[PDB]
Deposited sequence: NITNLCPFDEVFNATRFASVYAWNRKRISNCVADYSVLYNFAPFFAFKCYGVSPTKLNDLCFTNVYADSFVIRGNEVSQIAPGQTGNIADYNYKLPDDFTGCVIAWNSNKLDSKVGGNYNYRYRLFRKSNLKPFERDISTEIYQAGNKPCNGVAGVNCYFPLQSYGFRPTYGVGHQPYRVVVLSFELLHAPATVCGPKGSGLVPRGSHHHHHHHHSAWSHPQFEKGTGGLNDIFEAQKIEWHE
């Protein structure tokens, strides 16, 4: 009866940029979701939070990233915006839970934290759970770029530059999306 490494995902030291969101696979353990106040965003879809302790699933996916405050609303089924379109897209029939909490004391630096970035330019929207780490120059005109940033040729990613003086809407928030996969194998993740 081993326990699920949720401390490795939530209490992790460094989170990834939303364009290169991290995915931790979880199988063969017992999870206490009831253990999971400082969490200021806890929205579950297709399942109630309590009953999760009485359920078993084939696999669990913990996707972790960091965005800005006013963008957390995009981490939900059937949403639009730069994050939901070009960075991290949840499916319309999403059965899981989105958890998010403010990390201003952890990810904001005086002078800017430019490590966290988000994809700004992309010709088409992402499919659900698609992951794009391409840093190729974006072609907005009728002429090619060939790795040369310039007129109608832009770098597709943009840094947040989190600062402690930003408003809570522009402050860094850490987001973990728990997806529950019911495959055709005996359930490995269970509750107490």
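K.L.:
So which bits of the deposited sequence did not make it into the model?
P.N.:
Holes in the chain trace, numbered from 1: 1-2, 39-41, 198-243.
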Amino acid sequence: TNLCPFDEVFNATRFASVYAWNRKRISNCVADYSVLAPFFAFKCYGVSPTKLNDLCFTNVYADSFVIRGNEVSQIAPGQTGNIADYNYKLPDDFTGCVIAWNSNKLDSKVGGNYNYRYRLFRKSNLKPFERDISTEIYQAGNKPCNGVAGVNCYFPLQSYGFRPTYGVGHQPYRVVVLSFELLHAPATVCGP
From here on, numbers count along this sequence of modelled residues.
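K.L.:
Comparing 90-98 with 77-85, which stretch shows the greater average C-alpha B-factor in the deposited entry?
P.N.:
Here the higher of the two C-alpha B-factor means belongs to 90-98.
K.L.:
Determine, for stretches 63-71 and 25-33, which one has the higher mean CA B-factor as deposited.
P.N.:
Looking at the recorded C-alpha B-factors, 25-33 comes out higher on average.
K.L.:
From 16, 183, 175, 168, which pick has the Cα B-factor that tops the rest in the entry?
P.N.:
Spelled out: the listed residue with the top C-alpha B-factor is 183.
K.L.:
Among 156, 150, 161, 49, which carries the highest Cα B-factor?
P.N.:
Within the set 156, 150, 161, 49, 49 shows the top C-alpha B-factor.
K.L.:
Sorting the chain's modelled residues by C-alpha B-factor, tell me whether residue 130 ends up in the lowest, middle or highest third.
P.N.:
Lowest third, going by the recorded CA B-factors of the chain.
K.L.:
In terms of the CA temperature factor given in the entry, to which third of its chain does residue 45 belong: lowest, middle or highest?
P.N.:
It falls in the middle third of the chain.
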